[PDB]
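K.L.:
My questions will all concern the structure given below.
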RNA sequence: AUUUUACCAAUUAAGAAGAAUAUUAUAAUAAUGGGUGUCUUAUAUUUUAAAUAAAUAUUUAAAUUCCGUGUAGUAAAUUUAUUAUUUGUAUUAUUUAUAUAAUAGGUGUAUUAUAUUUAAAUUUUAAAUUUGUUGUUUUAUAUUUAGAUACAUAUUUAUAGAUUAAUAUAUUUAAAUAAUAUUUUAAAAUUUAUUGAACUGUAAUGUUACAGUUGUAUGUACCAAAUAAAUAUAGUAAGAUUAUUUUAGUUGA
RNA sequence: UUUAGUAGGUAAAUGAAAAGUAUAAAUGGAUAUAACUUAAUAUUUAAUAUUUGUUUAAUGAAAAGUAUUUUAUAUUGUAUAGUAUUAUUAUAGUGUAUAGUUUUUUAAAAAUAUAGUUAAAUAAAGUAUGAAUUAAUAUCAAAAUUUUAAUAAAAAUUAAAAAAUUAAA
Ligand code: FES
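Shown next as structure tokens:
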């Protein structure tokens with residue numbers, strides 16, 4: 031998991047499978063025994079550890095000397111979701127939907152694909168968001184709600218896409234440890250929504281000139297309309 | 011004889027009999043044209059061998075086709091230019107939104123948290139600069155946003171500027187149209240305050256040149272006597288920190304001259320006097336600095352800055368007897384003592400082995416070798432080897448020239 | 018790879034993503050679960066009646082020697098064979114009766130099929146002989162031309178002495194060792210081979226293939242193959258009505274046009290021939306299984322400017338019925354005229370094959386009533 | 026000119042001391058009190074003050 | 050450093066002692082009609098593939114003022130009026146179909162200005178729309194005596 | 010002639026410098042190592058142990 | 095075209111175009127948000143072998159000392175590195191990074207274009223001299239905790255020469271009141 | 010793969026050569042070490058050397074492992090009283106050589122004894138240790154340092170209670 | 001106060017029409033020497049001859065002969081015909097490019113013998129040549145690529161002797177009538193046709209004349225010269241020769 | 001080095017794909033393999049040899065070059081050789097004698113080349129550029145002794161061989 035996609039990484043990469051390669055592997059950098067010429071024993075935890083840790087640092091991971099990126103920062107995670115929604119649904123289509140069910144088949148499929156991509160991105164970013172709840176900011180939480188609205192996914196406060222868990226029999230799902238899989242996605246997202254609502258309330262309580285008066289007014293109006301749209305109060 | 015491949019790109023030696031070749035002085039390699047062949051391409055217009063066929067279709071498409079525009083389109087584009095007022099309003103709106111949504115720095119304990127990079131603020135900054143004819147320093151903005159108090163004193167000023175512009179007031183545009228007289232308006236004052244905050248952030252960062260430029264733009268915008276005095280004092284301090292003594296002295300003198308137009312409550316006059324005295328001290332004219340400080344005290348007795356500068360000059364005067372006089376007029380400016388001066392020397396200093404008077408000599412706009420330098424006919428100069436072109440002997444020496 | 022080589026299992030991980038798809042991936046409930054494609058026999062083409070349905074009264078069960086009728090059922094006007102049937106060696110020894118369809122896809126009557134044609138039990142060796150002949154014959158021999166040392170166009174002179182230079186002794190370097198060089202014995206169209214087929218083997222293999230199709234139930238007898246108009250829309254409509262899947266991935270249809278029962282013809286019907294030119298897989302073949310005795314006038318290199326492969330100079334025409342086409346096209350359609358022509362052209366061969374103690378009886382039973390001698394009205 | 030060399034045989038030179046002295050040396054310098062430029066002791070400018078008094 | 054802008058920087062970086070000879074002249078004559086590199090020829094062909102003989106469309110059903118719908122490309126299903134037609138390129142310009150920015154380099158009298166104009170669209174992409182049916186309909190050239 | 014080209018290029022990562030960098034040198038060294046180890050196992054390892 | 099992504103333990107199909115555009119956008123924005131400026135100079139007029147030595151010399155230094163060493167050196171590689179450092183410093187200034195806290199976080203070169211020149215030889219022999227070029231990568235990051243050595247110190251010889259000349263060994267530091275907008 | 014640096018420790022280097030008694034390596038273990046006293050009075054020199062080497066190299070322990078260098082220290086005393094069977098004292102040669110052309114030194118056990126008897130005992134111990142381990146410098150050297158030699162009966166290891174080493178000859 | 005030991009590491013996903021009126025064979029209907037930037041002038045722009053040749057031939061017999069260098073009208077003007085830029089990218093098949101590059105700041109040791117980490121042990125080229133089997137001989141820097149031809153198999157129509165020198169004799173058991181191929185690189189070669197005297201060597205007074213059964217040591221930096229064509233007994237020179245895990249007889253006659 | 005267990009068809013040398021042999025069409029390793037003659041590329045030699053542009057006393061043709069003379073200044077045409085180069089080097093026909101008709105780095109030494117017995121000058125490293133022969137080779141072959149089929153760093157025994165730089169056959 032070192033050299034490939036990690037915790038909050040979006041790219042899906044099966045390190046054992048040599049995808050994204052133009053050459054048939056001739057040399058295996060991580061080799062412990064000469065027998066691995068014909069019996070690599072990949073998949074076994076220890077040998078796989080050796081191979082993956084011998085792999086070089088790709089774009090996702092960072093070297094020990096290169097300066098990493100604070101991907102676990104809420105102020106970065108939220109705008110990532112906003113950009114995902116923006117790319118998924120064009121500004122013209124967003125304006126049309128806001129003004130307005141009479142839509143083209145291509146536009147409907149585009150909206151569905153955007154919702155699916157947003158759900159996948161939320162699934163991938165969930166652990167980082169959960170870790171970054173504590174030191175988030177009111178503007179970024181409001182941005183979280185705005186990004187959900189723009190993606191057109193209604194959060195499960197208790216169309217809708219988070220409320221239904223993905224299909225698949227429990228006896229075949231990938232339960233392997235070390236992979237950030239969230240089987241209880243709707244419950245986790247509902248808990249995150251409640252936590253961010255409480256955090257917004259606490260931030261407003263802590264906060265309690282013309283510029284600041286206008287900021288407070290616009291913030292209150294936003295909070296109100298966004299929570300009403302998502303089906304939340306206070 | 012033959013040792014490597016037959017192609018010219020092969021490394022090892024060849025012989026004329028086995029692999030006869032044409033005289034190719036210098037040609038690209040398997041990996042594409044190099045810097046030397048490209049220098050030949052740009053200077054001579056083709057590769058030095060001459061067997062290559064020049065092909066700059068892509069360059070033509072990039073430059074001439076792009077810059078070509080018919081007369082009618084060129085004439086109507088100016089008339090169809092966007093609306094300056096609306097564009098400025100939109101630029102201010104988006105800039106304020108970006109600044110407001112800029113995250114606040116986490117005050118970590120035990121070390122200094124890295125300030126988040128300003129990616130989305132550049133484009134709003136660029137458009138705002140284009141609209142207002144001003145240039146904001148990204149380092150200054152970064153420092154202002156990182157500091158909490160400066161962040162508020164910048165946001166409030168920007169919001170006031172937005173409100174006054176939306177209310178229908180564009181003081182610079184109106185003044186320009188009328189010129190094509229009155230005092231400073233609320234919008235212009237807010238803009239000046241915003242620029243002063245940016246300059247303060249620049250000074251805190253250490254970018255004194257950027258601070259001075261921002262304050263100069265603010266001075267250009269301002270027209271009130273009090274605003275002019277304050278901006279001149281700020282520019283004088285910025286130039287002093289930036290090691291621009293002539294500019295600091297000029298701004299201080301201008302502030303001291305505007306003194307009468309300013310009300311007694313303001314301290315811009317005292318600040319200008321202090322800046323002028325500091326510029327004189329850095330120029331190493333202690334008598335002039337003392338006289339200026341005396342005049343400033345006679346004007347505003349009790350000013351804290353004037354008292355501090357007088358005490359410092361008194362300490363310097365007490366140290367002077369060790370020298371028995373002031374710095375001799377011969378040098379009068381030699382010593383350099385500012386970190387700005389050190390940075391300038393590190394950047395533009397003549398390095399050893401390059402960027403010196405022996406490496407290349409810059410003519411009017413062109414680079415020359417030291418031997419062709421027209422500023423000295425030294426022993427390594429081609430000008431030395433000329434003499435007696437045919438007019439007259441021109442020199443008494445009879446060995447060369 | 019090779020099963021015994023270590024490379025066959027040198028890869029031990031990464032083949033499968035342990036996370037299954039949420040679309041179609043399922044689990045094995047138990048033996049009661051019916052898995053798609055599962056079958057105890059190694060079926061490289063695991064088709065069923067739904068995929069490629071068979072046109073025959075019965076599914077070809079082992080209990081039945083052939084899916085078609087074994088007796089002339091009274092529900093239909095059964096028709097006998099044009100020529101008398103004698104069971105030669107290799108024939109199924111069983112009565113073959115098949116229903117004849119019309120252009121409306123509904124049976125009109127029943128027809129006897131000659132065992133010597135549709136009753137000769139298939140044999141893999143003969144079928145493979147036919148298939149290999151067809152595969153070798155259907156190559157573009159004109160495209161098998163390669164350069165030669167004498168054709169490389171290089172100076173005919175030693176490029177440098179043996180020892181003077183310091184490189185390997187090479188003179189007139191047109192040889193294969195050099196990238197620009199050629200081969201001493203390259204491949205040429207006139208050096209390639211076109212196999213010579215025997216009429217006996219060709220007929221035997223074609224009749225074996227016809228019997229194989231009959232056994233598999235892919236055979237269908239049609240009264241006529243005429244179209245209202247010579248366009249392609251009419252042909253497609255006829256295919257739709259008759260439930261013929263002529264798509265490139267539908268199974269395909271082979272057509273022995275010939276003619277109707279009352280007017281057999283050796284030439285394809287004009288309208289149907291014009292309308293059968295369709296992109297999808299659908300082949301039209303002549304109503305004959307014999308082949309003109311192949312010959313090779315240039316059996317030796319007597320004509321040096323012969324730009325054709327060594328061997329028979331009279332290869333089987335493409336449109337002729339063959340094992341390759343019979344296997345590629347799922348369903349086979351044969352007209353009454355085609356059956357008449359096949360029986361007419363194979364009757365003499367069958368009689369000649371028959372042994373002497375049956376040959377002598379032939380005239381006694383009336384299988385040699387010659388119209389030329391007035392013994393019977395002309396056939 | 027008799028046999029090819031391997032990476033370690035090439036790295037022997039960097040192991041040595043002459044290579045380090047010729048390539049891997051750091052110069053000690055300071056900011057000149059007059060011109061405030063980087064300067065190595067013993068070398069000065071052609072400015073009048075530098076010539077008269079040599080920092 | 051291979052660009053004309055960085056040529057001066059490259060020359061300054063290069064040492065004085067290394068000399069380049071053929072700065073103004075050349076050994077081989079440069080006024081001989083010779084061929085270009087293979088990649089240059091391929092780029093030329095790609096850039097102007099309409100130079101080939103009989104590149105245009107013979108019937109040429111497409112004329113300005115018609116109504117067409119885009120069947121392939123970026124915009125699919127969007128229909129409009131043919132603003133302009135480029136016959137020798139086999140291209141069409143349809144209002145509000147293929148809109149892209151058209152930058153204009155600054156000059157001594159005006160600054161840079163960004164303008165949007167419908168760009169040419171390949172003829173094969175669009176299909177004619179019959180006004181009466183208001184759907185996609187095949188078209189064919191016909192001759193009539195007025 | 011068959012050599013363990015594909016089988017030994019896999020473990021070619023276990024050598025140093027020229028052998029690990031250049032396919033031919035690494036393959037030759039690995040072939041020699043495998044043969045010598047086989048000989049040692051079949052004629053001296055048991056005796057030593 | 096769909097792309098398979100592992101979600102909730104099962105593979106899920108997502109729009110491949112959106113997936114790719116999102117991945118590239120995230121990579122680019124993450125790299126931009128990283129508090130460092132990276133510069134690439136192509137076709138450097140110096141053989142990569144020689145340039146690597148100067149790169150190793152300059153590696154792991156603050157921007158100030160890197161510039162000082164490059165200016166005080168007499169090597170083509172050091173001059174090229176000085177030019178690269180100047181360009182990277184300008185880029186960092188434009189990007190907003192603090193100049194006084196700049197440091198080199200990566201300096202490396204790899205082979206680039208290569209021109210060839212004919213060198214005549216006696217006895218009719220000849221070869222092709224190789225004109226090598228390099229690609230230089232220079233990354234300037236920020237290290238707020240970085241503390242720089244005090245290079246303002248000067249030799250006692252310089253101190254006493256200045257004293258003889260009458261100058262002051264210490265700098266003439268004058269307190270500079272911070273700019274204020276009270277008068278506005 | 011393992012890489013032994015070409016920059017080794019040389020006898021001419023100021024850093025000098027180590028003493029494996031004070032070294033700390035994965036293959037050095039002095040925790041299980043014991044101390045024996047070997048009185049070589051009237052005992053044949055080759056036999057004494059072999060007996061001492063058996064304990065010095067650690068071959069006398071059931072946990073012996075060729076890779077691991079663990080052995081008991083042996084204090085050899087009364088080396089002056091060591092005996093040689095017959096005329097061997099003057100008829101047994103010791104041969105060494107320098108890189109110079111002349112180079113060769115042929116000397117007698119009598120001369121080696123007159124210079125330093127402990128040197129002769131060290132020579133025989135070295136011969137045994139080389140006989141058993143010769144392919145590795147560490148193995149060739151460490152047991153020799155484990156060995157202790159004293160020509161007289163006075164040794165400073167009384168603070169270790171070296172138990173007397175009792176053995177029997179093949180006869 | 002001061003300071004982070006020496007040594008040791010690795011190649012991969014490719015940014016954009018920097019690859020097609022493309023490469024080879026294939027058309028049996030054209031044809032007075034194709035030459036654009038060409039553009040009067042025709043004493044000065046003439047190539048013809050009964051022969052194996054840009055016209056190219058369906059079998060094994062007999063037969064001259066010191067290795068038999070070998071087979072006829074098949075139809076008589078009868079369709080085996082030297083074709084050919086598009087009224088299908090002509091058709092069918094076939095073949096195809098190395099422009100382009102951050103990769104990691106330390107798993108093994110630190111007084112010397114060589115991958116698999118418990119320390120050790122083992123270890124120090126391959127191919128051909130050498131039949132007195134070597135220590136003789138030759139080749140190999142490395143990466144990728146190019147590179148060599150003996151048909152492993154015969155289903156009903158179907159039918160197959162011998163024999164004398166010769167005449168002649170013929171008491172007396174078979175059979176799946178099929179042919180076309182035959183490593184590869186390299187001989188001091190020789191043969192045909194042609195050019196060179198600007199170098200060099202003569203005669204004439206820099207130039208002219210004389211040239212490969214040959215002009216005067218040499219005839220344009222290998223004189224058994226140079227250029228063009230060719231695959232000679234390549235054999236009784238030599239070298240190379242592409243497919244591991246195998247499944248049966250003799251080791252100096 | 002007189003045997004079992006386990007692997008495991010059998011007692012040793014004539015490749016393997018059910019995927020274009022396509023109905024097959026989004027996650028098919030169809031991994032199916034020439035160490036020396038071909039072609040291209042990357043290295044070693046290479047921190048290398050070489051190169052290094054501060055000083056000038058003097059031809060008026062032609063074959064020979066064709067290097068864009070913006071207008072160079074009857075008809076027609078003016079400058080910029082050859083030795084594969086901007087090289088050892090004046091191409092000399094005619095013809096003349098004061099036009100200064102103007103590009104050769106560097107702070108020592110070896111070696112090499114020039115330079116009051118008898119029969120002392122010039123060519124450095126370093127900055128910069130950057131070849132060529134060569135190259136089976138593991139991080140390598142101190143040394144001695146002994147021996148094996150021709151030099152035998154091939155073998156064994158014995159012994160103790162540091163790294164870099166320059167020079168020396
Ligand atoms: S001012 Fe620094 S050298 Fe003179």
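Protein chains in written order, with PDB author numbering: chain BL, 31 to 130, 140 to 197, 216 to 265, 281 to 306; chain BE, 11 to 190, 228 to 448; chain AF, 18 to 396; chain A5, 26 to 80; chain AY, 50 to 195; chain AU, 10 to 58; chain AW, 95 to 278; chain AN, 10 to 180.
Ideal placement from N, C-alpha and C gives every residue a C-beta, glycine not left out.
From 14 (chain BE), 397 (chain BE) and 248 (chain BE), pick the residue whose C-alpha is nearest to that of residue 158 (chain BE); which is it?
P.N.:
Of the listed residues, the one whose Cα sits closest to residue 158 (chain BE) is 248 (chain BE).
K.L.:
Go to residue 283 (chain BL), then tell me how far its alpha helix (DSSP H) extends in each direction, as first and last residue.
P.N.:
Where residue 283 (chain BL) is concerned, the enclosing alpha helix (DSSP H) stretches over 282-302.
K.L.:
Please report the straight-line C-alpha distance between residue 278 (chain AF) and residue 122 (chain AF), rounded to a whole angstrom.
P.N.:
In a straight line, the C-alpha of residue 278 (chain AF) is about 17 Å away from that of residue 122 (chain AF).
K.L.:
Taking 9 Å as the cut-off, decide whether the C-beta atoms of residue 135 (chain AW) and residue 229 (chain AW) are in contact.
P.N.:
Result yes, Cβ atoms of residue 135 (chain AW) and residue 229 (chain AW) sit closer than 9 Å.
K.L.:
Considering only heavy atoms of the ligand MG, does any lie closer than 8 Å to the CB of residue 64 (chain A5)?
P.N.:
Because the ligand MG does not appear in the structure shown, any question about it cannot be addressed here, the ligands present being the ligand FES.
K.L.:
When the Cα atoms are used, what is the spatial distance from residue 257 (chain AF) to residue 86 (chain AF)?
P.N.:
Taking the straight line from one Cα to the other gives about 26 Å.
K.L.:
Any contact between the segment 318-329 of chain BE and the segment 277-284 of chain BE? By contact I mean 3 or more CB pairs, one from each, below 8 Å.
P.N.:
Contact holds: three or more Cβ-Cβ distances are below 8 Å.
K.L.:
Under 9 Å between the Cβ atoms of residue 218 (chain BL) and residue 155 (chain BL)?
P.N.:
Going by C-beta atoms, residue 218 (chain BL) is nearer than 9 Å to residue 155 (chain BL).
K.L.:
Please state whether the Cβ-Cβ distance between residue 130 (chain AF) and residue 231 (chain AF) is less than 9 Å.
P.N.:
In contact: residue 130 (chain AF) and residue 231 (chain AF) (Cβ atoms closer than 9 Å).
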